[PDB]
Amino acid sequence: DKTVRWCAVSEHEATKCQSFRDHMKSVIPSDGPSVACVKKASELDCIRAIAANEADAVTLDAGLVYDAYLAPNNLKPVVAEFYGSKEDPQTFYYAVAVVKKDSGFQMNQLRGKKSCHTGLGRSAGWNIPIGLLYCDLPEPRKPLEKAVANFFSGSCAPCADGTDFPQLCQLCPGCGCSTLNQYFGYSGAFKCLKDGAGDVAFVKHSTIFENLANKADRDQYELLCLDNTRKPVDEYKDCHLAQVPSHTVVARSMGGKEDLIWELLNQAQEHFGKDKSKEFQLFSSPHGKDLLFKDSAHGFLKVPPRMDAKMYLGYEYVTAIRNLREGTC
């Protein structure tokens, strides 16, 4: 029963945040918790702000959860999104590589292609695909951006430094790290492919389904599998790059209001979860896709007491991330 300062990244998320706040007021008693909205330019800024006691919560892709746990931020995950359905919640998802039908190349022929990424340091759009191509990348592999810029003949990697690596923002000038960059995120990375700027988009299994309603439109796309073959977008379970942890809401390790955060989100998913309301929806919005939370999420699950980021992500994934900034071949 106090205020939770939610960190909204840019204009769109801010708008949804304002709606979230108002609708919650109309249904949460006077002794219930409330939402306040803080607008930031990026997720990176949100991490700082929470650590500096300027905000209290923000949902992050598991890839960014690692950087949020690192000093001097020291944030911890408190609430996780789950996908699939309520009967059988999936606390993970599939990273896939989407391409257009008959484009003519396999996984082993990516050098020279144009790639569309959700964002720098993110699970599906960066960490996984780059981790798999790592050794096939040219040297030096430090900084990593360098190698990626030289592997592909241009790409869109939101949040990257366009000054230092201009090839990385070739498909999306500036490399905007928010929805203001139309090619940002899952659906942004997909549009980058659909519009014809890129040859491959690294997103999740639900992305194409979230964007193309007709099975006939989806039939014009395919998935690149690790065995250098292609498969239909609905056969992602046999044709994906990896399984990664679900997105999660992070908070301060000290005086982080984890109790209020859970109390709020739990009431939120009950009143405005999937199919629960005509006035407001927590997992969709006329203002855009994946705002504040993923459209593909069906609810939340409280993370076990005082769990750290390494434990949440898993040693295998943590290990994958570490090598990404070091590794040999």
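For every residue, the number given is its place in the sequence shown, counted from 1.
The PDB entry records a higher mean C-alpha B factor for 24-32 than for its counterpart among 61-69 and 24-32. Looking at 51-59 and 290-298 together, the entry lists the larger mean B-factor for 51-59, computed on C-alpha atoms. For the set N127, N181, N228, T91, the PDB entry assigns the largest Cα B-factor to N228. Ranking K146, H117, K76, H205 by Cα temperature factor from the entry places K146 first.
When the CA B factors of the chain's modelled residues are split into thirds, the value for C175 lands in the lowest one. Split the chain's modelled residues into thirds by C-alpha temperature factor. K113 is in the middle one.
Annotation for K191: CA B-factor lies in the lowest third of the chain's modelled residues. Among the modelled residues of its chain, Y221 has a C-alpha B-factor that falls in the middle third according to the deposited record. Among the modelled residues of its chain, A14 has a C-alpha B-factor that falls in the lowest third, as given in the PDB entry.
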